[PDB]
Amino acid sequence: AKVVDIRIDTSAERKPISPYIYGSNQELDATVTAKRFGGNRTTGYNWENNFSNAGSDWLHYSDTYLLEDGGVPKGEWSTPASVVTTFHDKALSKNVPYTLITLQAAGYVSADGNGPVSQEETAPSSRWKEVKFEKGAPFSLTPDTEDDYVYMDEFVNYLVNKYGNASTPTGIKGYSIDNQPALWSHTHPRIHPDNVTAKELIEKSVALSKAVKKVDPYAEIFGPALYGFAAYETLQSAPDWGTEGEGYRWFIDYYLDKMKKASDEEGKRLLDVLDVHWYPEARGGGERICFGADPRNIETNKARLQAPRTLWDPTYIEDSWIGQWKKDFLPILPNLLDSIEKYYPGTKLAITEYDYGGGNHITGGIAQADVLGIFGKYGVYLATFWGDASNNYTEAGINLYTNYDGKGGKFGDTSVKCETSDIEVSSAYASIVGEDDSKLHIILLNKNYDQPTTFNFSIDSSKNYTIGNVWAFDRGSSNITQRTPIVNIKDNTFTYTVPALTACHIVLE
């Protein structure tokens, strides 16, 4: 009989949970709170005509993929920025409060949609248009598709003209400095064949941020959208890191410090959100937990359940090259936040791409719910899952926070102290609404694989809870269903036994 104690104090460690951590990149069967237009295809996206290039993902094809996949009405395929306005229109219509749009910085964007770009057509060539951050001439809402340039500030001006600036209810709140710069030479060799240098990335990041903020002073700039740890540490062995990195523990510090320096010289913040991608390298049963992980491998599924701990738990060492050789940089979120506090205080943190795998398996759902609780508890500003609508359990994990009852019910927006006596078999997150603890929300995750877990709850609150309604998902179904309410609460204490591998959302009143 596994017994775990959960202790909550609704008046302690109160901290706001950013509403934007429950987002996605793709169109999911879930209620999301942020939408990101990013990924490989956005690097060569040309807002003037909507063409883009697949890079290594599809034989370096320049075509209309983004229009097709974005579901843009065919009559608007030739309208400037239709891929993006369709994207943002959809977010607004779904009551999504944050839209993050990736801008182009690798250097060139598709000039046409004529198919594969040969190596002999590597930019510059007739297949590409050079990107310039500042037009330096009056903007036009009808960009010239005949010249050799595409302007980023003109692109942003077009969007601001249509939706208002970032401080308004319909404005696009953030822009990203391209996508995974350290992989430009690998994913987009026809655009940027040489490996990005640290100097180049900083110069471009500063120039583009300045350009964007002149048009919309309220827009938040996200960067550098690093693909993974190797990029965090050395920008994938950047050619000039041996010189530029002298005195820096890792590239993350250099980036923050240089953006801070540029901001101090310019007179305003040029980097609003440190943006990184985190695909867990955690392994189990001989395979990584994401990217083709087999739901039949129990050891992999068990490793998936514990992997979220690498984000915050100092005592957890996962089975991966990061867990083995990079302990000095783990747990990862605290290390990223520590760097921010040291080199550019006030900078926000966002995980714009991540996937814990097992999307159609209960463990993918529990891990997803665990990750969201962690993002909220540790202060992540925005997060957007990367994966499609086939990940039903991942979607259940999101809805457990954003729409647990099917009618808009959501986790509270203020995190409060909630401790569990066994962080290996369980995870628990608690929250209230605003500064009011009248309704206490609790996400309770039982990671026990084949046995129920009995939880003894002890709560310190100014309110005397009498009932706890429950919604949950498990191996029986990814659909979140209401369960029998908890009714025997004595002096804010109660015992609740949860079946193995179950994710619950308890609402006490």
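Residue positions are given as counts along the sequence shown, with the first one as 1.
Across the two stretches, 72-80 and 374-382, the PDB entry reports the greater mean Cα temperature factor for 72-80. As recorded in the PDB entry, 88-96 is the stretch of 271-279 and 88-96 with the greater mean C-alpha temperature factor. Comparing C-alpha B-factors across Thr414, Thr102, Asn403, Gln324 in the deposited entry, the largest value falls on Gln324. The entry assigns its greatest Cα B factor, within the set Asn179, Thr142, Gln306, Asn392, to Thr142.
Ranked by C-alpha B-factor against the other modelled residues of its chain, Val507 falls in the lowest third.
Looking at the C-alpha B-factors along this chain, the one for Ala30 belongs to the middle third.
Per the deposited record, the Cα B-factor of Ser421 falls in the highest third when ranked against the other modelled residues of its chain.
Among the modelled residues of its chain, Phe291 has a C-alpha B-factor that falls in the highest third, as given in the PDB entry. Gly364: CA B factor lies in the lowest third for its chain, per the PDB record.
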